[PDB]
Amino acid sequence: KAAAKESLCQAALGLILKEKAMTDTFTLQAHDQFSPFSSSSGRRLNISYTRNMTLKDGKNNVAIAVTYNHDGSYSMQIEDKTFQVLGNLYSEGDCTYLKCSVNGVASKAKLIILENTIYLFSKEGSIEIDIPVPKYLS
Amino acid sequence: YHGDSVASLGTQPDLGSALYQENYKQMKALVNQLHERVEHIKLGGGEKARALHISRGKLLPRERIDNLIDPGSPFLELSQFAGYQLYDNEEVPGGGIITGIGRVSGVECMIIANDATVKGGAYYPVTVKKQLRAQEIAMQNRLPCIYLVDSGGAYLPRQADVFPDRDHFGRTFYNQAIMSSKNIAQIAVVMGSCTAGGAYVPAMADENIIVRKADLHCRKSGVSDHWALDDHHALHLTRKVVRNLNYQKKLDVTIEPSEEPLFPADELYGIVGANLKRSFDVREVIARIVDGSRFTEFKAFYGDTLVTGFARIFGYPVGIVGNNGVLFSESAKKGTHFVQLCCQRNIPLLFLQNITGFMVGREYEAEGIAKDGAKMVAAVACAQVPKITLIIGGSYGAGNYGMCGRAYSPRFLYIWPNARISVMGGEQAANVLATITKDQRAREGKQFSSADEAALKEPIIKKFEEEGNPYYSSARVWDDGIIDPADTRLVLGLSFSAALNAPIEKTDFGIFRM
Amino acid sequence: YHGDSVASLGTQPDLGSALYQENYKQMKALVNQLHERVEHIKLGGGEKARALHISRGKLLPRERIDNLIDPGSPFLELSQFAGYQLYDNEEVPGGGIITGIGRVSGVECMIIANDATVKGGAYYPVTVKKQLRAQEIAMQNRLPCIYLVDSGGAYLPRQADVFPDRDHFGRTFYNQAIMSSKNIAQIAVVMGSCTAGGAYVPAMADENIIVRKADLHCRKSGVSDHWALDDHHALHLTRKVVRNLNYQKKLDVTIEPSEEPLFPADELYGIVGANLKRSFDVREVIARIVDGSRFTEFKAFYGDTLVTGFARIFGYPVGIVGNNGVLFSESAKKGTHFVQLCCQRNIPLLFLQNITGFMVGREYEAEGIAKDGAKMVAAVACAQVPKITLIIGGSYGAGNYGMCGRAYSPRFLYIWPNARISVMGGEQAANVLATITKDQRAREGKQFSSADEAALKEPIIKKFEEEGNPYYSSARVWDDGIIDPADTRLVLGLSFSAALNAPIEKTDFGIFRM
Amino acid sequence: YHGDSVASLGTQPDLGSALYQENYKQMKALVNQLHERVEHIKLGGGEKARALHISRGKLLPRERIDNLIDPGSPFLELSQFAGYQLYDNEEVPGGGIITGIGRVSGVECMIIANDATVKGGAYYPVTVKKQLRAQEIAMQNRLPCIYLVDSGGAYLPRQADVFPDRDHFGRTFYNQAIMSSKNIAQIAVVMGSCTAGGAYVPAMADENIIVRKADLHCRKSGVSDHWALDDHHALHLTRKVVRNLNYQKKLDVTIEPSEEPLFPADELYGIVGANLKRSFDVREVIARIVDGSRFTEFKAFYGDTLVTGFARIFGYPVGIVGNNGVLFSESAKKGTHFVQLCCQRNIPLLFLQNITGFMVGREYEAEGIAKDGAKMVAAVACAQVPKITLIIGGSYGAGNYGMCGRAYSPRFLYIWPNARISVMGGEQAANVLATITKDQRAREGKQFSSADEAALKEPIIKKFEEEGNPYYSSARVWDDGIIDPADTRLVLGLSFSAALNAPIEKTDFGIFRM
Ligand SMILES: CC(C)=CC(=O)SCCNC(=O)CCNC(=O)[C@H](O)C(C)(C)COP(=O)(O)OP(=O)(O)OC[C@@H]1O[C@H](n2cnc3c(N)ncnc32)[C@@H](O)[C@@H]1OP(=O)(O)O
Ligand SMILES: CC(C)=CC(=O)SCCNC(=O)CCNC(=O)[C@H](O)C(C)(C)COP(=O)(O)OP(=O)(O)OC[C@@H]1O[C@H](n2cnc3c(N)ncnc32)[C@@H](O)[C@@H]1OP(=O)(O)O
Ligand SMILES: CC(C)=CC(=O)SCCNC(=O)CCNC(=O)[C@H](O)C(C)(C)COP(=O)(O)OP(=O)(O)OC[C@@H]1O[C@H](n2cnc3c(N)ncnc32)[C@@H](O)[C@@H]1OP(=O)(O)O
């Protein structure tokens with residue numbers, strides 16, 4: 001069946017958290033370990049920062065607007081609906097597990113991103129969401 | 001060994017106090033107004049030009065910035081209020097240009113992007129001033145510059161203010177050349193039309209990226225170093241170029257783990273309020289912003305009207321100098337001593353200005369105060385450590401010079417939404433002018449009437465009141481931005497981080513007039 | 001061996017020619033007008049204030065300068081026309097301040113004297129700009145500064161333009177401190193009242209001289225280093241202090257005996273005239289000014305529109321670059337090559353601008369011209385040898401940048417009484433605006449009438465014509481003075497002499513975009 | 001942030017193609033021949049001298065190298081083919097000396113070992129040249145030198161080529177002294193007889209190790225600093241001395257994790273082949289050698305004949321410049337720009353030469369090509385970053401100079417087994433000489449016959465063909481070795497690693513003739 005809005009929200013959160021993790025590694029290498037720039041807050045002066053992200057589900061493309069709240073939660077609006085999502089990525093055993101609350105509903109999954117595809121493995125099932133290629137990298 | 005405890009500043013304010021309630025109300029109103037105005041400026045040139053810009057397929061400048069910087073990195077925008085009601089009938093949001101500091105490929109860079117929506121990206125005089133300020137910041141802090149050129153050339157109806165003079169348009173190119181000579185990367189991305197007078201920017205740059213849709217430039221002129229299909233591709237190419245820069249950050253100061261302040265920052269609203277007549281202890285602010293609320297005061301009981309000490313912000317060491325009353329001889333001497341000490345140990349300096357007006361005291365023997373403030377002025381001017389100024393209250397007269405105003409080239413200068421800046425208080429200027437005219441016309445034997453006294457006084461009062469507004473001062477580029485107090489700490493962190501890119505070099509002092 | 005002969009430039013002009021007669025008439029009229037206006041400015045604030053100033057026993061500022069400098073030494077005044085009709089109803093002769101370079105005790109020094117007659121010596125914004133320019137000149141050329149302080153503080157009705165910003169009043173003190181740190185002598189002579197905001201100047205200075213009739217300052221404050229009975233005594237004491245400076249002039253260039261040019265300078269009046277539409281050979285000017293009319297051209301048959309070569313002025317070597325037509329690719333490349341060569345050999349540079357307008361040619365393929373002029377702009381900006389610019393004709397567009405305009409920090413910049421400076425010619429700007437509006441309103445389907453075309457065109461024509469006036473440009477400090485052509489050689493000599501005080505240091509170049 | 005993807009070069013070649021098969025066959029044959037010849041050279045002086053050397057109890061030089069370097073460390077031998085058929089009847093394997101770079105006690109060192117088997121270790125002129133080249137490499141890259149002295153002095157029958165001139169034997173000692181002055185360690189190990197003219201090497205050295213079995217030297221002369229029982233003990237002592245050097249490697253470039261190229265290296269055999277007439281895309285080679293096959297081209301559509309860009313090899317940054325066709329004006333300008341850019345950012349440079357002969361095009365207007373290639377030559381000469389050249393194809397005429405030939409002091413220079421080097425192609429030289437003689441003898445009225453034309457042409461063709469052989473060029477020390485293409489990447493890595501020992505200092509450029 002076609003994936004719901006909530007699964008797309010979880011996938012977007014997972015991708016953002018991965019970007020944060022790479023930022024953490026690059027910070028680990030550098031001299032300026034404690035610089036505020038290394039934070040993934042997305043803070044702007046007197047404005048709230050919003051990302052227009054594009055995720056590919058099945059044969060239909062879906063656009064998600066992710067607003068970076070000051071508290072660290074994310075306000076993702078897909079179409080008419082708006083969802084408040086807070087999550088973190090932590091390692092169970094050898095495996096990256098995303099724990100995420102969307103609109104106050106908490107869910108646990110295994111997150112594997114290889115190439116474009118993002119794989120959420122959970123008790124309900126597996127959801128695959130594709131990051132579109134910039135198509136200038138061919 | 002780093003285990004011994006240190007006393008912390010700050011006290012819990014009285015939330016029940018009526019004074020706190022009223023101050024909170026006023027300051028929150030000011031901040032809400034600031035946020036609303038910033039949103040309106042963010043909207044840009046207008047729906048008309050925005051739709052036209054989108055129809056041409058080009059991205060909006062803010063989207064360009066969002067895609068350019070690292071994912072989730074904070075972006076420090078500067079001078080969001082340039083041109084705010086500066087020109088009589090023309091609305092120029094953001095000055096027609098967007099300048100800020102952001103992290104690209106793990107490197108702090110200064111990003112300068114023309115806004116095509118506002119008057120086709122033409123260059124108003126304020127736009128030139130904003131760009132020159134950004135280039136000056138990048139030169140001083142040794143930051144790579146990235147230009148997102150979508151320009152329209154000088155605004156012809158105002159050419160006399162844009163083209164000819166030293167700090168006019170040509171200085172832009174001058175700066176570019178100089179920053180290329182000192183090995184500071186210049187990257188230009190021609191995301192708009194390559195109109196007359198615009199090709200100079202790509203030609204001066206070290207590296208170019210040109211969006212496909214002159215054609216002669218990429219194929220034959222060879223100005224193009226890279227050639228991109230559209231905006232997204234150009235931004236990706238820019239990130240790749242920045243990576244290929246071969247640069248590594250060199251820091252030369254001791255670092256410690258960072259720790260949050262012990263008190264919430266929003267309490268500042270209650271402490272400061274919007275009335276300059278009431279006063280407050282700067283130690284409250286210092287407790288709210290510094291790491292762990294830990295502060296080591298220096299010469300606490302001498303020159304009590306000035307508060308100087310050492311602290312850490314996000315782990316970096318800082319020397320803090322702030323006003324707590326009317327400046328005096330002892331305060332000036334303490335400040336000079338502290339500045340010398342900080343320069344010797346290579347520690348960044350942070351000034352907080354809350355200059356108090358002279359309406360309270362008629363004379364204050366300006367001669368001695370001047371004789372001592374001159375020493376402090378010289379010491380501040382000759383200093384070479386990074387200096388950041390923050391105006392949390394009034395700023396009047398030579399005290400502004402003494403506390404490192406714009407003339408003394410602080411690396412950054414911010415003001416709170418409740419500041420006031422002018423040469424004197426309005427009523428004092430009115431009295432001075434009235435006395436001058438009265439004495440003169442008495443000298444020539446002419447009679448001075450009280451109606452004439454009011455006639456001189458009132459326009460001066462209104463004019464000084466109007467010119468002291470923070471929005472008036474930030475419309476011109478007299479400060480790098482108006483910041484919500486609740487965010488102050490964060491901003492300072494970013495600023496200081498950027499200031500650490502340049503190496504700190506030794507300070508040379510003039511003759512200390514003893 | 002220095003005996004072999006050299007060919008000399010210059011040809012005898014046709015005195016009988018009607019064109020020569022007419023050009024001579026027009027240029028002589030312009031020079032007479034200039035001289036009359038200068039005399040009127042020299043008269044000062046007015047007979048009222050002059051009588052009042054004399055009654056107080058103080059000397060007039062020009063008399064102060066006359067007594068201060070060495071007997072019979074030439075004095076190079078700068079910016080005599082600042083504030084000329086700048087403010088709507090207020091007449092501010094000389095900007096209210098007198099700045100120049102003169103020889104005191106055998107040392108070139110920069111003298112800055114407040115004029116008490118003009119508005120009690122208050123500081124108009126133009127006055128601050130003039131003083132900052134003088135301080136910049138002294139810093140760059142390493143010249144001792146002498147202040148003759150008779151001040152009145154900032155002009156309050158205009159405080160917003162005088163106090164707050166970076167290039168506003170405080171920068172003055174900043175400069176003082178810096179120039180003291182780099183061991184450049186600062187001498188202050190308090191010849192007037194030590195009013196509020198004035199004591200900072202003596203306090204910042206290295207040495208002070210105070211005329212007796214604060215009293216507390218000499219006896220108790222100790223700001224006074226010397227104490228003089230009256231103006232004459234103070235000036236003598238200043239000369240003694242300057243002698244005690246322990247300074248010796250270090251020159252690092254080869255010197256040859258000087259020789260006068262072979263042709264009379266007044267002939268320039270006939271050659272140049274007042275009409276910019278007619279053109280002339282810059283080689284005539286070069287022959288009139290350089291020593292012995294001897295000139296060694298470089299790449300004479302390539303890029304003929306630019307004339308570059310070597311000569312000597314009063315025995316010093318100079319590289320001369322001038323326009324002889326529309327600048328092109330080859331001209332730009334020749335200029336870049338010559339600039340590199342002169343920088344390598346440490347030779348001062350002299351630019352002569354006679355930029356030709358584009359009314360003659362519709363397109364001139366601005367892209368290629370830009371691609372090449374960018375190289376010349378970069379080369380000029382990065383240069384470190386002393387640079388002196390002289391505008392003998394039109395100066396328009398990016399060519400002004402290419403020929404070392406104000407933005408590129410020439411040590412001096414002078415203009416002849418017949419110059420014109422603007423971003424473009426007026427008619428060209430009118431056509432550009434008309435085309436923009438026509439194309440736009442066609443895009444939205446609106447009709448554009450010819451009456452509207454004239455309505456847009458005429459104000460632009462008049463405004464550009466007015467703003468291009470030499471007096472308009474010199475009222476603001478966009479140039480260091482308007483000079484009679486017949487004296488040009490002399491002025492250059494003095495200027496170059498001063499520029500030789502500072503040591504010449506190596507030039508670093510950016511990436512030469514090949 | 002380092003997460004965004006980058007496009008990779010390289011395409012899978014057509015293994016089924018007949019052209020690929022034939023090219024693979026030819027190149028594999030060349031490599032097999034090279035390997036066989038190297039094995040024969042490795043065998044050394046001969047079984048006679050080897051048995052004699054063993055009977056004396058001394059180790060063979062290759063065994064000395066094996067025991068000296070760190071266990072399992074790769075050893076970079078240089079100029080294995082010196083003296084290959086250089087002298088008419090005398091076989092001089094390896095030039096009689098073994099020079100290489102290897103890691104001893106964790107430090108890169110240059111090891112120079114005399115081969116006693118070859119003519120008793122006498123010094124042929126080629127041996128002196130090889131040793132001087134090794135010393136030059138060590139001086140430039142700041143590497144400690146270890147000498148394994150088993151010498152026999154100059155080869156007397158050729159003294160005129162070994163003793164007297166500047167680059168003759170004495171320069172060896174000169175280099176030693178200089179490298180001692182600049183604090184570059186000199187270690188000498190006298191593993192053979194201390195014959196006449198040999199004691200100078202230990203005496204010049206910083207530290208000595210002498211094998212027991214002059215006796216006077218250790219006990220009384222005191223030249224001996226250490227005294228070893230036999231070869232094994234001497235090598236151990238050398239390792240201990242190297243440890244005691246107190247040296248730490250200082251790198252000043254950004255480092256990234258290394259990644260293997262995406263395509264197998266042996267495919268190069270098919271791509272390149274042995275026929276110079278056919279051409280190939282240098283991008284294939286670049287894809288095969290650089291890390292991850294990631295390459296960022298610079299000015300791709302301008303001067304397409306040259307290919308310039310940035311990449312990483314084993315994590316180090318490199319700027320790659322290669323030929324893809326006949327060099328032109330645009331190619332030269334692109335190369336100059338790229339060289340300036342790389343010098344500014346302090347990035348090592350790697351040149352790939354595949355100069356194409358002019359047999360295809362009669363004229364190619366040598367004047368303009370020269371006028372532009374001069375700029376590239378100047379830029380390459382003045383550069384200061386490490387430069388490594390690799391000749392993958394033809395190398396002819398001034399193009400060789402433009403692509404950093406031996407005259408321009410690259411840190412290393414290698415050639416593939418299929419290269420050709422000469423001033424011109426043979427047939428072109430034949431035509432030039434024929435035309436010269438024809439024109440001259442026509443000038444004197446003499447008749448030129450076709451038989452004479454063939455008589456001039458054929459010897460020139462054969463001579464140029466013979467002199468262009470890689471073995472001919474490597475017999476003399478014109479290159480640091482012939483390398484199997486399949487190993488190219490590895491070699492470059494080692495080379496660049498060594499080149500990083502020296503600090504990179506700023507580049508000074510001459511006048512860029514615009
Ligand atoms: C370096 C040196 C040494 C010298 C120089 O550089 S001398 C440079 C001369 N400039 C040009 O030669 C560019 C002329 N523009 C154009 O060719 C185009 O316009 C573009 C390219 C700007 C794209 O703009 P566009 O065509 O996509 O849209 P448009 O709506 O037309 O854009 C807004 C409209 O621009 C009008 N407008 C008014 N003043 C100017 C101005 N000074 N520059 C540009 N536009 C201006 C504005 O009044 C109207 O809007 P408004 O006020 O009616 O609402
Ligand atoms: C550094 C920082 C950080 C801050 C500061 O510095 S804040 C400094 C505040 N200034 C003073 O506190 C000096 C107040 N002057 C005086 O005390 C005197 O005046 C003297 C000392 C100037 C001597 O002058 P005087 O008394 O000998 O003659 P007078 O004719 O009176 O001189 C001309 C008359 O000055 C009037 N006038 C108008 N505007 C000003 C002005 N801004 N300053 C001075 N005078 C002004 C003018 O309008 C009238 O002439 P007019 O226009 O009627 O023809
Ligand atoms: C710096 C300045 C300013 C000046 C000087 O340095 S002036 C140096 C003068 N040299 C000596 O004073 C060393 C004289 N050698 C000897 O004392 C020994 O020989 C040893 C030490 C070389 C060990 O060699 P070894 O004794 O173990 O074996 P051997 O077979 O004998 O070694 C091969 C045989 O060397 C013969 N041979 C021919 N020419 C030479 C030559 N020029 N040098 C050495 N040997 C040579 C070769 O013809 C024969 O072999 P071949 O040709 O018959 O097959």
# chains A, B, ... in the order shown; residues from 1 in each chain; ligands from 1
>>> select_by_dssp(residues="range 324-398 of chain D", states="strand (DSSP E)", output="number ranges by chain")
D: 349-353, 387-391, 394-396
>>> write_last_selection(atoms="N, CA, C and O atoms", output="PDB file, in the first residue's frame")
ATOM      1  N   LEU D 349      52.085  19.805  -7.721  1.00  0.00           N
ATOM      2  CA  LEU D 349      51.724  19.761  -9.128  1.00  0.00           C
ATOM      3  C   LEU D 349      52.222  18.471  -9.760  1.00  0.00           C
ATOM      4  O   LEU D 349      53.339  18.024  -9.486  1.00  0.00           O
ATOM      5  N   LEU D 350      51.394  17.889 -10.618  1.00  0.00           N
ATOM      6  CA  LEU D 350      51.745  16.687 -11.356  1.00  0.00           C
ATOM      7  C   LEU D 350      51.492  16.921 -12.835  1.00  0.00           C
ATOM      8  O   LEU D 350      50.356  17.182 -13.237  1.00  0.00           O
ATOM      9  N   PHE D 351      52.543  16.822 -13.637  1.00  0.00           N
ATOM     10  CA  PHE D 351      52.465  17.039 -15.074  1.00  0.00           C
ATOM     11  C   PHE D 351      52.469  15.701 -15.788  1.00  0.00           C
ATOM     12  O   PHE D 351      53.221  14.802 -15.413  1.00  0.00           O
ATOM     13  N   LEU D 352      51.645  15.573 -16.818  1.00  0.00           N
ATOM     14  CA  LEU D 352      51.667  14.419 -17.703  1.00  0.00           C
ATOM     15  C   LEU D 352      51.916  14.906 -19.119  1.00  0.00           C
ATOM     16  O   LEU D 352      51.103  15.652 -19.666  1.00  0.00           O
ATOM     17  N   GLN D 353      53.023  14.485 -19.713  1.00  0.00           N
ATOM     18  CA  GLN D 353      53.391  14.943 -21.045  1.00  0.00           C
ATOM     19  C   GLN D 353      53.036  13.896 -22.085  1.00  0.00           C
ATOM     20  O   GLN D 353      53.435  12.735 -21.966  1.00  0.00           O
ATOM     21  N   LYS D 387      56.894  19.626  -7.700  1.00  0.00           N
ATOM     22  CA  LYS D 387      56.476  19.325  -9.058  1.00  0.00           C
ATOM     23  C   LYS D 387      56.985  17.949  -9.434  1.00  0.00           C
ATOM     24  O   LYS D 387      58.166  17.652  -9.247  1.00  0.00           O
ATOM     25  N   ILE D 388      56.102  17.112  -9.960  1.00  0.00           N
ATOM     26  CA  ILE D 388      56.480  15.788 -10.429  1.00  0.00           C
ATOM     27  C   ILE D 388      56.000  15.626 -11.857  1.00  0.00           C
ATOM     28  O   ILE D 388      54.819  15.839 -12.147  1.00  0.00           O
ATOM     29  N   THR D 389      56.903  15.235 -12.743  1.00  0.00           N
ATOM     30  CA  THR D 389      56.603  15.102 -14.158  1.00  0.00           C
ATOM     31  C   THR D 389      56.568  13.631 -14.523  1.00  0.00           C
ATOM     32  O   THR D 389      57.341  12.836 -13.986  1.00  0.00           O
ATOM     33  N   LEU D 390      55.666  13.270 -15.423  1.00  0.00           N
ATOM     34  CA  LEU D 390      55.560  11.914 -15.926  1.00  0.00           C
ATOM     35  C   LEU D 390      55.338  11.981 -17.425  1.00  0.00           C
ATOM     36  O   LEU D 390      54.413  12.652 -17.888  1.00  0.00           O
ATOM     37  N   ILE D 391      56.191  11.307 -18.181  1.00  0.00           N
ATOM     38  CA  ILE D 391      56.148  11.363 -19.633  1.00  0.00           C
ATOM     39  C   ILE D 391      55.480  10.091 -20.120  1.00  0.00           C
ATOM     40  O   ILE D 391      56.096   9.025 -20.154  1.00  0.00           O
ATOM     41  N   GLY D 394      54.945  11.079 -26.355  1.00  0.00           N
ATOM     42  CA  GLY D 394      55.991  11.867 -26.974  1.00  0.00           C
ATOM     43  C   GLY D 394      56.303  13.104 -26.156  1.00  0.00           C
ATOM     44  O   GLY D 394      55.457  13.621 -25.425  1.00  0.00           O
ATOM     45  N   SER D 395      57.539  13.570 -26.269  1.00  0.00           N
ATOM     46  CA  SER D 395      57.970  14.820 -25.663  1.00  0.00           C
ATOM     47  C   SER D 395      58.946  15.494 -26.609  1.00  0.00           C
ATOM     48  O   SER D 395      60.086  15.047 -26.749  1.00  0.00           O
ATOM     49  N   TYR D 396      58.504  16.567 -27.257  1.00  0.00           N
ATOM     50  CA  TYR D 396      59.268  17.177 -28.327  1.00  0.00           C
ATOM     51  C   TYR D 396      59.280  18.687 -28.170  1.00  0.00           C
ATOM     52  O   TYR D 396      58.310  19.285 -27.704  1.00  0.00           O
TER      53      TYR D 396
END
>>> residues_near_ligand(ligand="ligand 1", cutoff="8 Å", atoms="only C-alpha atoms and all ligand atoms", output="ChimeraX atom specification")
/B:49,52-53,116-123,151-157,163,169-170,193-198,200 /C:396-401,423-424,429,432-433,436-437,439-440
>>> interface_residues(of="chain C", to="chain B", cutoff="7 Å", atoms="only C-alpha atoms", output="JSON, numbers by chain")
{"C": [159, 160, 163, 164, 165, 166, 167, 168, 170, 171, 174, 177, 178, 180, 181, 196, 199, 200, 203, 204, 206, 366, 370, 371, 374, 378, 381, 382, 401, 406, 407, 408, 422, 423, 467, 478, 508, 509, 510, 511]}
>>> interface_residues(of="chain A", to="chain B", cutoff="9 Å", atoms="only C-alpha atoms", output="ChimeraX atom specification")
/A:16,19-20,23,26-27,30-47,49-52,68,134,136-137
